[PDB]
Every structure is written in structure tokens, then in C-alpha cells.
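First the structure, in the form of C-alpha cells, and then the observations on it.
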Amino acid sequence: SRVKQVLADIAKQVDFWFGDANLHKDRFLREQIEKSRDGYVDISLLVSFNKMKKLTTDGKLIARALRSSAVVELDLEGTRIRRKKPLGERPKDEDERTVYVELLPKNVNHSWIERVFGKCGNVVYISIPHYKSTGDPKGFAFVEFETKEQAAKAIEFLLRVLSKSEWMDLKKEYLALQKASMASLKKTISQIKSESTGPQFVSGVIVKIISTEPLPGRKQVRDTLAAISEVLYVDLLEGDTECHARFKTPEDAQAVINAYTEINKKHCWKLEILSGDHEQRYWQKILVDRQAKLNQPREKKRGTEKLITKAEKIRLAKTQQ
Amino acid sequence: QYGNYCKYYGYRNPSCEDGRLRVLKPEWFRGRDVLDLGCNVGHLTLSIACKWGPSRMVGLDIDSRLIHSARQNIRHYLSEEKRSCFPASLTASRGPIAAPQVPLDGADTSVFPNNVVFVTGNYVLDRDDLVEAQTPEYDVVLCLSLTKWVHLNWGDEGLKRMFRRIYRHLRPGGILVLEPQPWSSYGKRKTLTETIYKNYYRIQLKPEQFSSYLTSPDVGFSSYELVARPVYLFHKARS
RNA sequence: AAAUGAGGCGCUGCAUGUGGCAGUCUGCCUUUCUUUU
Ligand SMILES: Nc1ncnc2c1ncn2[C@@H]1O[C@H](CSCC[C@H](N)C(=O)O)[C@@H](O)[C@H]1O
């Protein structure tokens, strides 16, 4: 019957969720065990799980599904469940028991791994990595087999398949060689290096430029207003059609508003001077943005990105001369 | 909307090849300065740089997210050197092993791949006064699959500046080779913007009229031929 | 002859509405920020 099949699925998933390996990996269900009287949790808490919502929301059928159950006991009402056997320590032989496997065909299922790997051993745990909550399998799996010889049989049975010990030593060797190459390149950069209150108030220096067209990048705008006369600031968030510039002098402002030809005829732009209390509130906005930038904590940049940046800039400058 | 794809990447060390470079003939490529446009993954670039020997070869693209990956592709052939085969997943998240080969100051060039370098920039400055300001520094210019997107994105006008700029970058005696797109499926993708469609209906030159316009003296190429999508050799004159 | 990578966390001290700079073992880590909870 399909009802019996659903009971078998519920018993299978719950006995995995009270399995030893999955409890020794997951933080959360262990905390649901530990924040309890003698290790208990409501069944409707387990109903909230994403694979459990794919099956059954009826807790009565779930309590019927754990009548034939090996490692779950229920208390009285069929609304709380125990682990039957209490949780001991985490074993260390599971590191030896594990199997790493690369090259998955982007159709990764836990059931797909059980369908290929139940034949040679009794599969206990699977780890599968998703690409940053975009729901994509990466292409490799961590399979937990039990008691060594099943896994050593399975590695002999074959989709590169290798041991976790081999994987960990391979990781150690890979990081050692990358550290050696980056040490030599840091020596190269050392050798070539050895070879070689904020802004104050001026009236009328602020030009607001409105556009009807959506504006391009601010580097082009900085080069556009800077090629005519002296820009102190180009204020533009990426995607706004209205922007500002702060200039050095009112002579700079008077020159750029008299640049009618190359500004207004090339592009439909309204280049004007803020006056009134628009200027006063804009100086307030400048001082507030200054205090916000100064109170900002520092950005993070990793070592290999900064080093690959500096290394490519020095390769560019040394190749071009 | 440039149509660029990160796929068809070459993990393979350059014996097994794409097949476009099977068509190309070896004679020009030996010890000659090469500018090459539009090569995002760099796999066709690097395979030229290994098998034949140019002195300097520079690829150029616009997308900053593609040139960073092409520099990863040059780092993979340096990370090429019980031997280990290396888990594929480990490299993906950690990045490749080796360093970028920055040369010395007392250094010897023309050794794979101390030659090649990927620079980033838009090619057309949109000003013919800036087209006139250029100087020649190359011998062999290669350009595949650029006519399509530059055509659809910059009209005829940016394409005319691109032809004039590549004639301004050739040294005399220098060779430009092209395999341009046919007119075939230009329409298939016009709605990436409205501006892309407004330039697709603004097309005032055909790909059969490409080879006429390159012989037109607004660009001014000397002699051209076709020895095999089409395969075309355009020559600036000798000296 | 048509769409995935710097993904996570820092520690410094010079500069800072100015678009960061020089270090930190490649700054460390990467199965992992992770829901088969
Ligand atoms: N104006 C321009 N300036 C610089 N590069 C441009 C450009 N217009 C287009 N390109 C580049 O030219 C490339 C052509 S797509 C061809 C890529 C190549 N066949 C490969 O396999 O990688 C585009 O990806 C785009 O990045």
C-alpha cells in the first residue's frame, strides 16, 4: 500500500535523523535533544522539516509509522519521541571509514547516492555542498561507509573515488606548494621594491547636474568634468540620473556653466548651481557623509586577491616598458 | 548582452585544441608582435602562444570579470608543473597553485609564457580625433567574433572607428587576419536593449561590403585574399 | 554552432565626503557561513 510506503519512508527518515552519524554532524537536533527533559522533542517540530513537508503533516500517521521502529521510542501520547539509545561520544574511526568522490553529473540526490552506493555498503551519511543557497550541487560528495572494509571494498569497486585520508594529505600538499610559490613571489616583489575637519565652505562651488537619460559610470563623469576644469568631488551613486560635483573655485563653477557646447549639446544635461538653502543643506549632507565615512569600519581584503592585483599591475608596468 | 560565456573553458594543456587554430597557417606567427581582440577565456590565445612562437602577444577584452579568469587560465598552465593528479574540487575553491610569472628587470622574454599579457579596456574611444592620435606597434592583429557585437552595439560608426584604429595600430608590412560573422542570424537577438534594436535597424554596411570597405581609403588596406565561416587576410603595404 | 565567482571572518597604522595605501605565515579558513536542520 502507498500508506505503508509512506510509513516506511517516515521510519527511514526519522531513523536516519536519529542515526549516529547525522547526530554527530548536525548542531541543531543535538540542541533540541539537550534542551529537554530526558532528551525529547515534539513530533510537529520534526513536521516542519523540508523533506518531512514533502511527505506527511499528520502526526498520527507518523506515530503509527514508528510502531515498527528500531532506534526511536515514543513516550505516551505519540507526540514526543526519544533516541531510544543515549548518545555517546563521537568516534574517530569514521575519518578512516569515509570516501570522497568527485565528478557528479549535476543531478545530485541523496537517493541518487544511495542508489549507486547501497550495493557495496550500508550508507550512513552524505555531505553535499550547495552553491551559496542558489540550490546548485557543486559536483562532489562525501560518503560515510561503516567499519572500513566496506569502504575499502568500494574504492576498489571504482567518478574519481578516493579516501578521506588521501584527500586530506592532498590538501596538505596543495597548500604547501601554494605557500611556497607565494613565498617566492613575495620575495620577487621585495626584490623589485628594493631595486626601486574635512572640506571647508566656499559659496557657489557646487554644480548639480540633472539628466533625463540614465547616467553612465562615475569614472567617465569624473573625466568629463575634470577635463574642462578642476573637480574636487563627483557625487554619483551608480544608477542615479542626477549627480553633483564640488569644484574648487566659483571661477571653476562659472567656467563649467559657460561650457554650454560640450556639455549640453552632446548630452541632454541640466548643469546648474545650487543656491538658497539647497547649498546649505548640501554642505550639511557633505559633513554628514564625511562623518559617516570616517566612522566606517575598514573593509576586508584577502591576501591572494591583493597580491594578485599588485602582481598583475607590476607585470603590466614591466611588460609595457 | 555582449554574448560572452564563461563556458567551453580549456582545462586541457594545449595539445588537444578547439580547432579554429587548426585552420590557421604557421608562417606569419613566428616571432612577431600580435594584438588579439575579443578573447575572454584566453584559451585560443594561450594555444597560439604555446604551439607557435610570437615575441609579444596581447589579448584584449572589455569585461573585467573575464580578464581575471583569463589570468587564472595563464596561472593554470604554470600550475601544470606516485605523482599527484589533484582533486578537481580542491583547485576550484582554492585557486591554482603557482604564482603569476612577473619577470625580473634583468629578464629574458620570448619563453612560454613570459610573453603574453591581458590588458583591459574598451577599444573604441568614440572620437575620430582620438583615432588620428594613434601610433603603430604591432605586426599581426587577430580578431575573431568581434564584428557581431561591435556592429550591433556601436552601429556602423564605432565599427568604422575600430577599422580605422586597427589600421592605425599596424606597422607597414603588418597583417590583419579576420573571420567575421555572416549576416545569417543578426536579428535572432536584438532585444537585449532597445538601443541594440535601434542600431540593428541602423545597419548601413553589409558583411559582403566588409571587404570593400577595408579596401576603401577611409581605412585604406593594401591587398587582401581568402585562403580557407569565411577566412580573410588583409595586408597593410610593405614599409 | 545561445546565462556562476573571490565564498566566510579578521588584526594592525598612514590617509580619508578624496574614490584608499603599506603590513599581517599566500592574514587565516573553505566539505561549512550552509536546511537532508
Ligand atoms: N568594445 C570592446 N572593447 C574591448 N572588448 C570588446 C569590445 N566589444 C566586445 N569585446 C569583447 O569581445 C568578446 C567577443 S566574444 C568571443 C570570445 C571568445 N570566442 C572566447 O571563446 O572566449 C566579447 O566577449 C567582449 O568581451
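Among the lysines, select those whose C-alpha is under 18 Å from the C-alpha of B:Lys236, and discard any that sit fewer than 8 residues away in the same chain.
B:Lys160
What share of all Cα pairs of region A:94-237, in percent, falls into each consecutive 5 Å distance bin?
Bins of 5 Å from zero give 2, 7, 11, 11, 8, 6, 5, 6, 7, 8, 7, 7, 6, 5, 3, 1, 0 percent of pairs.
Dividing the convex hull volume of the alpha carbon atoms of region B:25-96 by its residue count, what do you get in Å³ per residue?
That works out to 113 Å³ per residue.
Tell me the volume per residue, in Å³, of the convex hull enclosing the alpha carbons of region A:172-321.
Cα convex hull per residue, to the nearest whole number: 204 Å³.
Going by Cα centres, region A:40-88 and region B:122-143 are how many Å apart?
72
Calculate the mean, over all residues of peptide A:172-178, of how many other protein chain Cβ atoms lie within 10 angstrom of the residue's Cβ.
That average works out to 4.
List the extent of the Cα atoms of region A:94-166 along each of their three principal axes, largest first, rounded to whole Å.
Answer, in whole Å and largest first: 36, 24, 19 Å.
Taking every pair of distinct Cα atoms and averaging 1/r, then inverting, what Kirkwood hydrodynamic radius in Å comes out for chain A?
27.3
Mind sorting B:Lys236, B:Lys25 by how few other Cβ atoms lie within 10 Å of their own Cβ, fewest first?
Result, fewest neighbours first: B:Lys25, B:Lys236.
In vacuum, with every alpha carbon of the protein assembly as shown counted as one equal point scatterer, what does the Debye formula give for log10 I(q)/I(0) at q = 0.09, 0.11 Å⁻¹? Two decimals, please.
The Debye formula, applied to the Cα set alone, gives -0.99, -1.16.
Starting with the highest mean, order B:140-151, A:304-315, A:44-55 by the number of other Cβ atoms within 10 Å, averaged over the residues of each peptide.
Listed from highest to lowest mean packing, they are B:140-151, A:304-315, A:44-55.
Please report, in cubic angstrom per residue, the volume enclosed by the convex hull of the alpha-carbon atoms of region A:206-294.
Taking the convex hull of the Cα positions in region A:206-294, it is 99 Å³ per residue.
Provide the percentage of antiparallel DSSP beta bridges, counting only those with both residues in chain B; round to the nearest 5.
Beta bridges within chain B, antiparallel portion: roughly 30 percent.
Is there a simple number for the mean count of other chain Cβ atoms within 10 Å of the Cβ of residues in A:312-320, and what is it?
Neighbouring Cβ atoms belonging to other protein chains average 5 per residue here.
Within a Cβ distance under 14 Å of B:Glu179, other residues only, what is the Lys/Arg minus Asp/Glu net charge?
Counting the neighbours of B:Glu179, the net charge comes to +2.
So, counting K/R as plus one and D/E as minus one, what does the shell of residues with Cβ under 12 Å around A:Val6 add up to?
Net charge in that neighbourhood comes out at +3.
State which entries of A:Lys208/A:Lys265; A:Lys51/A:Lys138; A:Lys313/B:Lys51; A:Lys187/A:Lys313; A:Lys106/A:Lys132; A:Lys53/A:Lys85 exceed 24 angstrom in Cα-Cα distance in the structure shown.
Table pairs above 24 Å Cα-Cα are A:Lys313/B:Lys51; A:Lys53/A:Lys85.
Order of B:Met57, A:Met182, B:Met162 from fewest to most other C-beta atoms within 10 Å?
Fewest to most other Cβ atoms nearby, the residues stand as A:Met182, B:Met162, B:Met57.
What is the projected area of the convex hull of the Cα atoms of region A:2-82, averaged over all directions, in nm²?
Convex hull of Cα atoms, orientation-averaged projection: 5.1 nm².
We did not get these values from a lab; they are worked out from the coordinates using the rules stated. Because the Cβ atoms are built from the backbone with ideal geometry, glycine has one as well, and the counts that use them run over all protein chains shown.
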